[PDB]
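Listing of final_37.cif; format and content: mmCIF, C-alpha atoms.
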```cif
data_query
#
loop_
_atom_site.group_PDB
_atom_site.id
_atom_site.type_symbol
_atom_site.label_atom_id
_atom_site.label_comp_id
_atom_site.auth_asym_id
_atom_site.auth_seq_id
_atom_site.Cartn_x
_atom_site.Cartn_y
_atom_site.Cartn_z
ATOM 1 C CA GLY E 1 10.582 -8.654 18.561
ATOM 2 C CA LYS E 2 9.272 -8.169 22.109
ATOM 3 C CA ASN E 3 10.163 -4.426 22.077
ATOM 4 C CA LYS E 4 8.443 -3.806 18.804
ATOM 5 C CA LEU E 5 5.288 -5.722 19.855
ATOM 6 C CA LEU E 6 5.063 -3.796 23.105
ATOM 7 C CA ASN E 7 5.305 -0.580 21.092
ATOM 8 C CA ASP E 8 2.806 -1.554 18.383
ATOM 9 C CA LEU E 9 0.301 -2.712 20.987
ATOM 10 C CA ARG E 10 0.550 0.457 23.054
ATOM 11 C CA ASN E 11 0.091 2.403 19.896
ATOM 12 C CA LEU E 12 -3.046 0.417 18.977
ATOM 13 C CA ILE E 13 -4.520 0.608 22.490
ATOM 14 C CA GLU E 14 -3.699 4.271 22.952
ATOM 15 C CA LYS E 15 -5.099 5.161 19.575
ATOM 16 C CA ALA E 16 -8.344 3.148 20.149
ATOM 17 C CA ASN E 17 -8.759 4.949 23.462
ATOM 18 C CA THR E 18 -8.540 8.317 21.687
ATOM 19 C CA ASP E 19 -11.275 7.268 19.275
ATOM 20 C CA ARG E 20 -13.453 6.186 22.212
ATOM 21 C CA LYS E 21 -13.092 9.719 23.665
ATOM 22 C CA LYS E 22 -14.346 11.083 20.353
ATOM 23 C CA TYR E 23 -17.584 9.183 20.707
ATOM 24 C CA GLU E 24 -18.028 10.378 24.357
ATOM 25 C CA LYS E 25 -17.635 13.872 22.983
ATOM 26 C CA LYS E 26 -20.272 13.283 20.291
ATOM 27 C CA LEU E 27 -22.669 12.156 23.075
ATOM 28 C CA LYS E 28 -21.770 15.142 25.293
ATOM 29 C CA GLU E 29 -22.509 17.517 22.398
ATOM 30 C CA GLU E 30 -25.427 15.652 20.978
ATOM 31 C CA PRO E 31 -28.100 17.893 19.576
ATOM 32 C CA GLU E 32 -31.638 17.506 20.838
ATOM 33 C CA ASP E 33 -32.539 15.787 17.583
ATOM 34 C CA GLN E 34 -29.738 13.274 18.214
ATOM 35 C CA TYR E 35 -28.210 13.978 14.734
ATOM 36 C CA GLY E 36 -31.572 13.155 13.134
ATOM 37 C CA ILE E 37 -31.296 9.460 14.173
ATOM 38 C CA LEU E 38 -34.980 8.921 14.556
ATOM 39 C CA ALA E 39 -34.249 5.168 14.794
ATOM 40 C CA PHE E 40 -33.425 5.678 18.471
ATOM 41 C CA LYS E 41 -37.113 6.360 19.191
ATOM 42 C CA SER E 42 -38.102 2.970 17.843
ATOM 43 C CA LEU E 43 -35.676 0.978 20.021
ATOM 44 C CA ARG E 44 -37.433 0.295 23.327
ATOM 45 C CA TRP E 45 -35.717 -1.707 26.077
ATOM 46 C CA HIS E 46 -37.627 -4.798 27.178
ATOM 47 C CA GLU E 47 -36.628 -4.591 30.876
ATOM 48 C CA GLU E 48 -38.128 -1.993 33.210
ATOM 49 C CA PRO E 49 -38.470 0.967 33.046
ATOM 50 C CA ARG E 50 -38.899 0.128 29.301
ATOM 51 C CA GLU E 51 -37.552 3.504 28.048
ATOM 52 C CA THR E 52 -36.341 4.071 24.435
ATOM 53 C CA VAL E 53 -32.726 4.464 23.295
ATOM 54 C CA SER E 54 -33.778 8.039 22.525
ATOM 55 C CA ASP E 55 -34.569 8.682 26.263
ATOM 56 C CA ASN E 56 -31.978 9.892 28.658
ATOM 57 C CA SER E 57 -31.278 6.905 30.832
ATOM 58 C CA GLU E 58 -27.634 5.864 31.400
ATOM 59 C CA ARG E 59 -27.967 2.697 29.376
ATOM 60 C CA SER E 60 -29.665 4.622 26.534
ATOM 61 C CA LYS E 61 -26.848 7.205 26.464
ATOM 62 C CA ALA E 62 -24.347 4.290 26.303
ATOM 63 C CA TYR E 63 -26.246 2.674 23.388
ATOM 64 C CA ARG E 64 -26.213 6.051 21.542
ATOM 65 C CA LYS E 65 -22.505 6.559 22.162
ATOM 66 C CA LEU E 66 -21.818 3.028 20.758
ATOM 67 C CA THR E 67 -23.981 4.071 17.779
ATOM 68 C CA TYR E 68 -21.815 7.179 17.123
ATOM 69 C CA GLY E 69 -18.817 4.824 17.336
ATOM 70 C CA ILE E 70 -19.940 2.249 14.758
ATOM 71 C CA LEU E 71 -21.241 5.018 12.470
ATOM 72 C CA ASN E 72 -18.142 7.086 13.070
ATOM 73 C CA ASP E 73 -17.214 7.662 9.472
ATOM 74 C CA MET E 74 -20.616 9.455 8.846
ATOM 75 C CA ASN E 75 -21.548 13.147 9.138
ATOM 76 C CA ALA E 76 -24.876 14.455 10.534
ATOM 77 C CA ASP E 77 -26.431 14.210 7.018
ATOM 78 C CA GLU E 78 -25.234 10.617 6.453
ATOM 79 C CA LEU E 79 -26.354 9.709 9.984
ATOM 80 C CA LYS E 80 -29.893 10.965 9.326
ATOM 81 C CA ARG E 81 -30.004 9.278 5.921
ATOM 82 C CA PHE E 82 -28.745 5.991 7.342
ATOM 83 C CA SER E 83 -31.516 6.090 9.923
ATOM 84 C CA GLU E 84 -34.103 6.914 7.237
ATOM 85 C CA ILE E 85 -32.968 3.948 5.097
ATOM 86 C CA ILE E 86 -33.123 1.444 7.970
ATOM 87 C CA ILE E 87 -36.579 2.727 9.085
ATOM 88 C CA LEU E 88 -37.800 2.413 5.495
ATOM 89 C CA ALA E 89 -36.519 -1.200 5.423
ATOM 90 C CA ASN E 90 -38.187 -1.676 8.858
ATOM 91 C CA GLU E 91 -35.078 -3.345 10.369
ATOM 92 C CA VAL E 92 -34.189 -0.870 13.126
ATOM 93 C CA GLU E 93 -33.865 -3.557 15.795
ATOM 94 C CA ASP E 94 -31.787 -6.120 13.991
ATOM 95 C CA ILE E 95 -29.414 -3.568 12.342
ATOM 96 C CA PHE E 96 -28.932 -1.354 15.424
ATOM 97 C CA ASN E 97 -28.861 -3.993 18.166
ATOM 98 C CA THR E 98 -26.427 -6.159 16.235
ATOM 99 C CA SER E 99 -24.116 -3.225 15.333
ATOM 100 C CA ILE E 100 -24.095 -1.769 18.801
ATOM 101 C CA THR E 101 -23.358 -5.161 20.348
ATOM 102 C CA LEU E 102 -20.317 -5.490 18.065
ATOM 103 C CA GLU E 103 -19.226 -1.952 19.037
ATOM 104 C CA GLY E 104 -19.833 -2.697 22.671
ATOM 105 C CA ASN E 105 -17.421 -5.621 22.458
ATOM 106 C CA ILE E 106 -14.756 -3.319 21.069
ATOM 107 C CA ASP E 107 -15.458 -0.650 23.720
ATOM 108 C CA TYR E 108 -15.279 -3.220 26.527
ATOM 109 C CA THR E 109 -12.056 -4.589 25.225
ATOM 110 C CA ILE E 110 -10.539 -1.081 25.034
ATOM 111 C CA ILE E 111 -11.496 -0.195 28.652
ATOM 112 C CA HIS E 112 -10.135 -3.517 29.717
ATOM 113 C CA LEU E 113 -6.731 -3.056 28.113
ATOM 114 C CA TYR E 114 -6.152 0.675 28.568
ATOM 115 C CA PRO E 115 -5.552 0.603 32.395
ATOM 116 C CA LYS E 116 -3.252 -2.289 31.938
ATOM 117 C CA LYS E 117 -1.189 -1.079 29.022
ATOM 118 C CA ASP E 118 1.976 -0.213 31.050
ATOM 119 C CA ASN E 119 1.962 -3.735 32.323
ATOM 120 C CA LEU E 120 2.229 -5.478 28.968
ATOM 121 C CA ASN E 121 5.844 -6.284 29.707
ATOM 122 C CA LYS E 122 4.681 -9.080 32.106
ATOM 123 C CA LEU E 123 3.566 -11.028 29.013
ATOM 124 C CA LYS E 124 5.755 -13.335 27.006
ATOM 125 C CA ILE E 125 6.346 -12.755 23.261
ATOM 126 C CA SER E 126 3.801 -15.310 22.014
ATOM 127 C CA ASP E 127 1.031 -13.894 24.305
ATOM 128 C CA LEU E 128 1.861 -10.346 22.996
ATOM 129 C CA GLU E 129 1.853 -11.585 19.443
ATOM 130 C CA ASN E 130 -1.510 -13.285 20.043
ATOM 131 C CA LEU E 131 -2.924 -10.225 21.781
ATOM 132 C CA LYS E 132 -1.864 -7.973 18.954
ATOM 133 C CA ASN E 133 -3.338 -10.213 16.276
ATOM 134 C CA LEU E 134 -6.649 -10.641 18.276
ATOM 135 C CA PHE E 135 -7.001 -6.883 18.825
ATOM 136 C CA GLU E 136 -6.319 -6.099 15.221
ATOM 137 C CA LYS E 137 -8.798 -8.689 14.104
ATOM 138 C CA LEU E 138 -11.348 -7.196 16.607
ATOM 139 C CA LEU E 139 -10.804 -3.686 15.173
ATOM 140 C CA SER E 140 -11.217 -5.045 11.605
ATOM 141 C CA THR E 141 -14.709 -6.442 12.418
ATOM 142 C CA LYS E 142 -15.795 -2.945 13.172
ATOM 143 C CA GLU E 143 -14.116 -1.556 10.064
ATOM 144 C CA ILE E 144 -15.934 -4.146 7.847
ATOM 145 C CA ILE E 145 -19.330 -3.113 9.285
ATOM 146 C CA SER E 146 -18.523 0.584 8.981
ATOM 147 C CA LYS E 147 -17.677 0.057 5.316
ATOM 148 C CA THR E 148 -20.814 -2.002 4.785
ATOM 149 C CA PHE E 149 -22.934 0.884 6.136
ATOM 150 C CA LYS E 150 -21.076 3.488 4.013
ATOM 151 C CA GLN E 151 -21.654 1.415 0.890
ATOM 152 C CA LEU E 152 -25.346 1.058 1.725
ATOM 153 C CA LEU E 153 -25.608 4.839 1.656
ATOM 154 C CA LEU E 154 -23.991 4.910 -1.831
ATOM 155 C CA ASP E 155 -26.042 1.988 -3.175
ATOM 156 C CA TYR E 156 -29.202 3.641 -2.031
ATOM 157 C CA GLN E 157 -28.414 7.081 -3.478
ATOM 158 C CA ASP E 158 -27.543 5.307 -6.807
ATOM 159 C CA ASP E 159 -30.547 2.965 -6.687
ATOM 160 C CA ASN E 160 -28.288 -0.085 -7.089
ATOM 161 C CA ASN E 161 -30.351 -3.189 -7.609
ATOM 162 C CA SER E 162 -33.487 -0.979 -7.382
ATOM 163 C CA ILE E 163 -33.208 -0.674 -3.591
ATOM 164 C CA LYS E 164 -34.357 2.989 -3.713
ATOM 165 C CA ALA E 165 -37.072 2.444 -6.313
ATOM 166 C CA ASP E 166 -38.363 -0.714 -4.639
ATOM 167 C CA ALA E 167 -38.898 -1.270 -0.880
ATOM 168 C CA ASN E 168 -38.952 -5.052 -1.315
ATOM 169 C CA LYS E 169 -35.477 -5.047 -2.823
ATOM 170 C CA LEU E 170 -34.255 -2.719 -0.029
ATOM 171 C CA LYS E 171 -35.722 -5.078 2.527
ATOM 172 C CA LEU E 172 -34.057 -8.151 1.031
ATOM 173 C CA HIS E 173 -30.725 -6.305 0.777
ATOM 174 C CA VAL E 174 -30.974 -4.932 4.339
ATOM 175 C CA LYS E 175 -31.638 -8.545 5.535
ATOM 176 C CA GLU E 176 -28.393 -9.694 3.947
ATOM 177 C CA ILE E 177 -26.597 -6.853 5.792
ATOM 178 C CA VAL E 178 -28.186 -8.064 9.038
ATOM 179 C CA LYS E 179 -26.761 -11.505 8.281
ATOM 180 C CA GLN E 180 -23.276 -10.087 7.671
ATOM 181 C CA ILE E 181 -23.368 -7.841 10.792
ATOM 182 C CA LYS E 182 -24.536 -10.738 12.893
ATOM 183 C CA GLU E 183 -21.581 -12.858 11.775
ATOM 184 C CA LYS E 184 -19.096 -10.097 12.509
ATOM 185 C CA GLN E 185 -20.833 -9.514 15.819
ATOM 186 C CA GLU E 186 -20.410 -13.160 16.791
ATOM 187 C CA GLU E 187 -16.811 -12.988 15.678
ATOM 188 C CA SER E 188 -16.269 -9.933 17.945
ATOM 189 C CA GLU E 189 -17.663 -11.833 20.935
ATOM 190 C CA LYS E 190 -15.063 -14.616 20.538
ATOM 191 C CA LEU E 191 -12.142 -12.176 19.861
ATOM 192 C CA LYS E 192 -13.165 -10.228 22.919
ATOM 193 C CA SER E 193 -13.430 -13.434 25.037
ATOM 194 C CA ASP E 194 -10.039 -14.563 23.750
ATOM 195 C CA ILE E 195 -8.466 -11.175 24.723
ATOM 196 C CA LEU E 196 -10.127 -11.310 28.135
ATOM 197 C CA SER E 197 -8.624 -14.828 28.609
ATOM 198 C CA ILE E 198 -5.039 -13.554 28.576
ATOM 199 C CA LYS E 199 -4.256 -13.156 32.341
#
```
Would you mind writing the file out in C-alpha coordinates?
Amino acid sequence: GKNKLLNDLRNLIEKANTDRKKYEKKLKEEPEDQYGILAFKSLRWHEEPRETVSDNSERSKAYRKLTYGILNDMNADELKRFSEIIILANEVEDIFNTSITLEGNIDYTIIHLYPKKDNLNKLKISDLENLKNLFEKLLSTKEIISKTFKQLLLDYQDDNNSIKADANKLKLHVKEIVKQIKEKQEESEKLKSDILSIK
(Lines of atoms letter the chains of each structure in order from A and count residues from 1; the text may use other names and numbers.)
(Lines give C-alpha, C1' and ligand atoms only; values in the text may rest on other atoms or scores of the structure.)
Protein backbone atom coordinates (compact mmCIF):
# COMPACT_ATOMS: atom_id res chain seq x y z
CA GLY A 1 0.00 0.00 0.00
CA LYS A 2 2.70 2.53 0.94
CA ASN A 3 4.74 1.73 -2.23
CA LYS A 4 1.80 2.13 -4.51
CA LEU A 5 0.71 5.43 -2.88
CA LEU A 6 4.20 6.86 -3.17
CA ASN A 7 4.16 5.93 -6.85
CA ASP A 8 0.67 7.24 -7.61
CA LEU A 9 1.42 10.52 -5.85
CA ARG A 10 4.69 11.08 -7.68
CA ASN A 11 2.89 10.37 -10.87
CA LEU A 12 0.16 12.93 -10.05
CA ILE A 13 2.64 15.59 -8.90
CA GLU A 14 5.02 15.04 -11.78
CA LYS A 15 2.23 15.11 -14.30
CA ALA A 16 0.67 18.31 -12.81
CA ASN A 17 4.10 19.94 -12.99
CA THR A 18 4.32 19.12 -16.71
CA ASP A 19 0.95 20.76 -17.31
CA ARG A 20 2.12 23.86 -15.41
CA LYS A 21 5.10 24.10 -17.81
CA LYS A 22 2.63 24.06 -20.70
CA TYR A 23 0.95 27.18 -19.40
CA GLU A 24 4.36 28.95 -18.90
CA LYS A 25 5.02 28.12 -22.53
CA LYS A 26 1.68 29.57 -23.64
CA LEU A 27 2.63 32.81 -21.81
CA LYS A 28 6.15 32.83 -23.30
CA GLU A 29 4.67 32.48 -26.80
CA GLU A 30 1.67 34.64 -26.27
CA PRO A 31 0.71 36.64 -29.31
CA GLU A 32 0.39 40.39 -28.99
CA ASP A 33 -3.38 40.01 -29.08
CA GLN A 34 -3.14 37.61 -26.12
CA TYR A 35 -5.14 34.92 -28.04
CA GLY A 36 -7.94 37.44 -28.58
CA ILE A 37 -8.76 37.53 -24.82
CA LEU A 38 -9.91 41.09 -24.79
CA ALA A 39 -11.26 40.45 -21.26
CA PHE A 40 -7.74 41.05 -19.93
CA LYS A 41 -8.05 44.75 -20.82
CA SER A 42 -11.08 45.13 -18.60
CA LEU A 43 -9.45 43.66 -15.48
CA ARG A 44 -7.65 46.50 -13.70
CA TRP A 45 -5.79 45.89 -10.43
CA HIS A 46 -6.99 48.04 -7.53
CA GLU A 47 -3.54 48.47 -5.91
CA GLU A 48 -0.90 50.75 -7.40
CA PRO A 49 0.26 51.05 -10.14
CA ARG A 50 -3.34 50.06 -11.13
CA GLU A 51 -2.32 48.38 -14.44
CA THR A 52 -4.60 45.93 -16.35
CA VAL A 53 -4.15 42.16 -16.60
CA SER A 54 -3.43 42.89 -20.27
CA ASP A 55 -0.33 45.01 -19.30
CA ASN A 56 3.05 43.50 -18.87
CA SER A 57 3.64 43.61 -15.16
CA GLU A 58 4.80 40.42 -13.39
CA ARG A 59 1.54 39.95 -11.55
CA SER A 60 -0.43 40.50 -14.79
CA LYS A 61 1.67 37.89 -16.63
CA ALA A 62 0.98 35.47 -13.73
CA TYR A 63 -2.80 36.15 -13.91
CA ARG A 64 -2.69 35.47 -17.70
CA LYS A 65 -0.72 32.26 -17.26
CA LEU A 66 -3.32 31.06 -14.66
CA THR A 67 -5.97 31.99 -17.26
CA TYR A 68 -4.31 29.77 -19.93
CA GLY A 69 -4.27 27.04 -17.27
CA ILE A 70 -7.97 27.10 -16.34
CA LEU A 71 -8.95 27.50 -20.01
CA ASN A 72 -6.46 24.86 -21.05
CA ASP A 73 -8.82 22.68 -23.00
CA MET A 74 -9.60 25.64 -25.42
CA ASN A 75 -7.91 26.65 -28.70
CA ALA A 76 -7.25 30.28 -29.78
CA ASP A 77 -10.75 30.42 -31.38
CA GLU A 78 -12.52 29.06 -28.27
CA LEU A 79 -10.43 31.39 -26.09
CA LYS A 80 -11.54 34.46 -28.07
CA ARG A 81 -15.16 33.29 -28.12
CA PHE A 82 -15.14 32.60 -24.39
CA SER A 83 -13.90 36.13 -23.78
CA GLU A 84 -16.55 37.56 -26.13
CA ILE A 85 -19.33 35.68 -24.29
CA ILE A 86 -18.23 36.85 -20.83
CA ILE A 87 -17.85 40.49 -22.04
CA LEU A 88 -21.33 40.30 -23.56
CA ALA A 89 -22.68 39.04 -20.20
CA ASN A 90 -20.65 41.85 -18.53
CA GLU A 91 -19.19 39.50 -15.87
CA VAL A 92 -15.47 39.71 -16.68
CA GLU A 93 -14.46 40.37 -13.07
CA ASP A 94 -16.46 37.74 -11.27
CA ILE A 95 -15.82 34.96 -13.86
CA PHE A 96 -12.09 35.67 -14.36
CA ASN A 97 -11.08 36.58 -10.80
CA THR A 98 -12.89 33.58 -9.35
CA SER A 99 -11.47 31.13 -11.95
CA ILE A 100 -7.94 32.41 -11.69
CA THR A 101 -8.05 32.25 -7.89
CA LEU A 102 -9.07 28.58 -8.12
CA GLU A 103 -6.23 27.97 -10.62
CA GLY A 104 -3.82 29.86 -8.45
CA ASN A 105 -4.59 27.50 -5.57
CA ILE A 106 -3.75 24.54 -7.77
CA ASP A 107 -0.55 26.20 -9.06
CA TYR A 108 0.58 27.04 -5.51
CA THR A 109 -0.08 23.55 -4.36
CA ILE A 110 1.93 22.10 -7.28
CA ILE A 111 4.99 24.34 -6.61
CA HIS A 112 4.73 23.42 -2.98
CA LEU A 113 4.76 19.68 -3.54
CA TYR A 114 7.09 19.35 -6.53
CA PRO A 115 10.38 20.20 -4.66
CA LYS A 116 9.39 17.86 -1.94
CA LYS A 117 8.26 14.88 -3.96
CA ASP A 118 11.37 12.69 -3.29
CA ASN A 119 10.73 13.13 0.37
CA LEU A 120 7.26 11.63 0.45
CA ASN A 121 8.67 8.53 2.09
CA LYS A 122 8.92 10.47 5.43
CA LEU A 123 5.10 10.34 5.58
CA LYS A 124 3.08 7.54 7.08
CA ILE A 125 0.50 5.62 5.00
CA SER A 126 -2.57 7.50 6.27
CA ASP A 127 -0.94 10.93 5.59
CA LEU A 128 -0.05 9.72 2.02
CA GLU A 129 -3.54 8.41 1.53
CA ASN A 130 -4.97 11.74 2.73
CA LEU A 131 -2.56 13.72 0.58
CA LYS A 132 -3.45 11.72 -2.48
CA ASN A 133 -7.18 12.08 -1.95
CA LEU A 134 -6.84 15.89 -1.23
CA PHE A 135 -4.73 16.47 -4.35
CA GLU A 136 -7.07 14.51 -6.53
CA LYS A 137 -10.03 16.38 -5.16
CA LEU A 138 -8.12 19.69 -5.78
CA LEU A 139 -7.44 18.69 -9.42
CA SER A 140 -11.14 17.75 -9.88
CA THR A 141 -12.28 21.28 -8.86
CA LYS A 142 -10.37 22.61 -11.79
CA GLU A 143 -11.69 19.92 -14.11
CA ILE A 144 -15.33 20.76 -13.12
CA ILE A 145 -14.78 24.46 -13.95
CA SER A 146 -13.01 23.64 -17.21
CA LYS A 147 -15.97 21.50 -18.24
CA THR A 148 -18.42 24.20 -17.18
CA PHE A 149 -16.64 26.70 -19.47
CA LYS A 150 -16.53 24.22 -22.40
CA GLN A 151 -20.25 23.58 -22.06
CA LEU A 152 -20.95 27.32 -21.98
CA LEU A 153 -19.30 27.58 -25.39
CA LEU A 154 -21.58 24.79 -26.73
CA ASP A 155 -24.74 26.17 -25.10
CA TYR A 156 -24.06 29.55 -26.57
CA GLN A 157 -23.35 28.32 -30.11
CA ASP A 158 -26.62 26.27 -29.88
CA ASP A 159 -28.62 29.08 -28.27
CA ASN A 160 -29.66 26.80 -25.39
CA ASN A 161 -32.23 28.49 -23.23
CA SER A 162 -32.03 31.51 -25.59
CA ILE A 163 -28.70 32.65 -24.13
CA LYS A 164 -27.44 33.72 -27.59
CA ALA A 165 -30.71 35.28 -28.72
CA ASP A 166 -31.27 37.06 -25.41
CA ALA A 167 -28.64 38.93 -23.34
CA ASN A 168 -30.81 38.78 -20.21
CA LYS A 169 -30.89 35.00 -20.31
CA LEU A 170 -27.11 34.91 -20.91
CA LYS A 171 -26.62 37.19 -17.94
CA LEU A 172 -28.76 35.06 -15.63
CA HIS A 173 -26.99 31.89 -16.82
CA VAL A 174 -23.51 33.45 -16.48
CA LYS A 175 -24.47 34.46 -12.88
CA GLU A 176 -25.24 30.85 -12.04
CA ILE A 177 -21.80 29.89 -13.42
CA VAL A 178 -20.25 32.55 -11.17
CA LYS A 179 -22.03 30.90 -8.24
CA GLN A 180 -20.71 27.46 -9.19
CA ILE A 181 -17.12 28.72 -9.79
CA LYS A 182 -17.17 30.54 -6.50
CA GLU A 183 -18.11 27.36 -4.64
CA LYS A 184 -15.39 25.35 -6.33
CA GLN A 185 -12.98 28.19 -5.66
CA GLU A 186 -13.78 28.11 -1.95
CA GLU A 187 -13.42 24.36 -2.00
CA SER A 188 -9.94 24.72 -3.59
CA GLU A 189 -8.86 27.10 -0.82
CA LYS A 190 -9.65 24.50 1.88
CA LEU A 191 -8.08 21.57 -0.08
CA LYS A 192 -5.00 23.67 -0.60
CA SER A 193 -4.88 24.65 3.12
CA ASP A 194 -5.35 21.02 4.10
CA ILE A 195 -2.43 19.95 1.81
CA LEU A 196 -0.26 22.75 3.17
CA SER A 197 -1.04 21.48 6.73
CA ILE A 198 0.71 18.15 6.19
CA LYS A 199 4.23 18.82 7.64
Query - the PyMOL selection byres ((chain E and resi 145) around 10) resolved against shown file, as a VMD selection string - result: chain E and resid 70 to 71 99 102 to 103 140 to 144 146 to 151 177 180 to 182 184 to 185
Please return the centre and edge lengths, in Å to one decimal, of a box with edges along x, y and z that contains all listed atoms of stretch 159-163 of chain E, widened by 5 Å on every side, as JSON.
```
{"center_x": -30.9, "center_y": -0.1, "center_z": -5.6, "size_x": 15.2, "size_y": 16.2, "size_z": 14.0}
```
Could you please give me, as a PDB file with C-alpha atoms, in the frame of the given file, the residues of protein, DNA or RNA lying at most 12 Å from (-34.9, -6.5, 12.7) in the coordinate frame of the file, considering all atoms listed in the file?
```pdb
ATOM      1  CA  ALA E  39     -34.249   5.168  14.794  1.00  0.00           C
ATOM      2  CA  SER E  42     -38.102   2.970  17.843  1.00  0.00           C
ATOM      3  CA  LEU E  43     -35.676   0.978  20.021  1.00  0.00           C
ATOM      4  CA  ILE E  86     -33.123   1.444   7.970  1.00  0.00           C
ATOM      5  CA  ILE E  87     -36.579   2.727   9.085  1.00  0.00           C
ATOM      6  CA  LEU E  88     -37.800   2.413   5.495  1.00  0.00           C
ATOM      7  CA  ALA E  89     -36.519  -1.200   5.423  1.00  0.00           C
ATOM      8  CA  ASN E  90     -38.187  -1.676   8.858  1.00  0.00           C
ATOM      9  CA  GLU E  91     -35.078  -3.345  10.369  1.00  0.00           C
ATOM     10  CA  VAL E  92     -34.189  -0.870  13.126  1.00  0.00           C
ATOM     11  CA  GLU E  93     -33.865  -3.557  15.795  1.00  0.00           C
ATOM     12  CA  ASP E  94     -31.787  -6.120  13.991  1.00  0.00           C
ATOM     13  CA  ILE E  95     -29.414  -3.568  12.342  1.00  0.00           C
ATOM     14  CA  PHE E  96     -28.932  -1.354  15.424  1.00  0.00           C
ATOM     15  CA  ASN E  97     -28.861  -3.993  18.166  1.00  0.00           C
ATOM     16  CA  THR E  98     -26.427  -6.159  16.235  1.00  0.00           C
ATOM     17  CA  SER E  99     -24.116  -3.225  15.333  1.00  0.00           C
ATOM     18  CA  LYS E 171     -35.722  -5.078   2.527  1.00  0.00           C
ATOM     19  CA  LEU E 172     -34.057  -8.151   1.031  1.00  0.00           C
ATOM     20  CA  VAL E 174     -30.974  -4.932   4.339  1.00  0.00           C
ATOM     21  CA  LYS E 175     -31.638  -8.545   5.535  1.00  0.00           C
ATOM     22  CA  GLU E 176     -28.393  -9.694   3.947  1.00  0.00           C
ATOM     23  CA  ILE E 177     -26.597  -6.853   5.792  1.00  0.00           C
ATOM     24  CA  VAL E 178     -28.186  -8.064   9.038  1.00  0.00           C
ATOM     25  CA  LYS E 179     -26.761 -11.505   8.281  1.00  0.00           C
ATOM     26  CA  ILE E 181     -23.368  -7.841  10.792  1.00  0.00           C
ATOM     27  CA  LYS E 182     -24.536 -10.738  12.893  1.00  0.00           C
TER      28      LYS E 182
END
```
Would you write out, as JSON lines, a table of all residues in stretch 64-137 of chain E that have an atom no more than 10 Å from an atom of stretch 5-29 of chain E, listing for each the closest atom pair and the distance in Å to one decimal, considering only C-alpha atoms and ordering rows by chain and rising residue number?
```
{"residue": "E:64", "atom": "CA", "partner": "E:27", "partner_atom": "CA", "distance": 7.2}
{"residue": "E:65", "atom": "CA", "partner": "E:27", "partner_atom": "CA", "distance": 5.7}
{"residue": "E:66", "atom": "CA", "partner": "E:23", "partner_atom": "CA", "distance": 7.5}
{"residue": "E:67", "atom": "CA", "partner": "E:23", "partner_atom": "CA", "distance": 8.7}
{"residue": "E:68", "atom": "CA", "partner": "E:23", "partner_atom": "CA", "distance": 5.9}
{"residue": "E:69", "atom": "CA", "partner": "E:23", "partner_atom": "CA", "distance": 5.6}
{"residue": "E:70", "atom": "CA", "partner": "E:23", "partner_atom": "CA", "distance": 9.4}
{"residue": "E:71", "atom": "CA", "partner": "E:23", "partner_atom": "CA", "distance": 9.9}
{"residue": "E:72", "atom": "CA", "partner": "E:23", "partner_atom": "CA", "distance": 7.9}
{"residue": "E:106", "atom": "CA", "partner": "E:16", "partner_atom": "CA", "distance": 9.2}
{"residue": "E:107", "atom": "CA", "partner": "E:20", "partner_atom": "CA", "distance": 7.3}
{"residue": "E:109", "atom": "CA", "partner": "E:13", "partner_atom": "CA", "distance": 9.6}
{"residue": "E:110", "atom": "CA", "partner": "E:17", "partner_atom": "CA", "distance": 6.5}
{"residue": "E:111", "atom": "CA", "partner": "E:17", "partner_atom": "CA", "distance": 7.8}
{"residue": "E:113", "atom": "CA", "partner": "E:13", "partner_atom": "CA", "distance": 7.1}
{"residue": "E:114", "atom": "CA", "partner": "E:13", "partner_atom": "CA", "distance": 6.3}
{"residue": "E:115", "atom": "CA", "partner": "E:13", "partner_atom": "CA", "distance": 10.0}
{"residue": "E:116", "atom": "CA", "partner": "E:13", "partner_atom": "CA", "distance": 10.0}
{"residue": "E:117", "atom": "CA", "partner": "E:10", "partner_atom": "CA", "distance": 6.4}
{"residue": "E:118", "atom": "CA", "partner": "E:10", "partner_atom": "CA", "distance": 8.1}
{"residue": "E:119", "atom": "CA", "partner": "E:6", "partner_atom": "CA", "distance": 9.7}
{"residue": "E:120", "atom": "CA", "partner": "E:6", "partner_atom": "CA", "distance": 6.7}
{"residue": "E:121", "atom": "CA", "partner": "E:6", "partner_atom": "CA", "distance": 7.1}
{"residue": "E:123", "atom": "CA", "partner": "E:6", "partner_atom": "CA", "distance": 9.5}
{"residue": "E:125", "atom": "CA", "partner": "E:5", "partner_atom": "CA", "distance": 7.9}
{"residue": "E:126", "atom": "CA", "partner": "E:5", "partner_atom": "CA", "distance": 9.9}
{"residue": "E:128", "atom": "CA", "partner": "E:5", "partner_atom": "CA", "distance": 6.6}
{"residue": "E:129", "atom": "CA", "partner": "E:5", "partner_atom": "CA", "distance": 6.8}
{"residue": "E:131", "atom": "CA", "partner": "E:9", "partner_atom": "CA", "distance": 8.2}
{"residue": "E:132", "atom": "CA", "partner": "E:9", "partner_atom": "CA", "distance": 6.0}
{"residue": "E:133", "atom": "CA", "partner": "E:9", "partner_atom": "CA", "distance": 9.6}
{"residue": "E:135", "atom": "CA", "partner": "E:12", "partner_atom": "CA", "distance": 8.3}
{"residue": "E:136", "atom": "CA", "partner": "E:12", "partner_atom": "CA", "distance": 8.2}
```
**Report entry** Nearest to residue E:73 by atom-to-atom distance, counting all atoms listed in the file, from E:186, E:194, E:153, E:160
**Finding:**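 Looking only at the distances to residue E:73, the closest residue turns out to be E:153.
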Report task. Just give me the gap between atom CA of residue E:163 and atom CA of residue E:74 in Å, one decimal is fine. Result ->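 Value for the atom CA of residue E:163-atom CA of residue E:74 distance: 20.4 Å.
When all atoms listed in the file are used to compute distances to residue E:190, the closest of the residues E:137, E:4, E:44, E:50 turns out to be E:137.
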Query raised in the report: Which is closest to residue E:33 among E:169, E:80, E:112, E:2, if we use only C-alpha atoms?
Result: E:80
Query raised in the report: Could you work out how far atom CA of residue E:170 lies from atom CA of residue E:46, giving the answer in Å with one decimal?
Result: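 If I compute the distance from atom CA of residue E:46 to atom CA of residue E:170, I get 27.5 Å.
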Query - Pick from E:101, E:77, E:167, E:37, whichever lies nearest to residue E:183 using all atoms listed in the file - result: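 Ranked by minimum distance to residue E:183, first place goes to E:101.
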Query raised in the report: At what distance in Å, to one decimal, does atom CA of residue E:83 lie from atom CA of residue E:32?
Result: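 Separating atom CA of residue E:32 from atom CA of residue E:83 is a distance of 15.8 Å.
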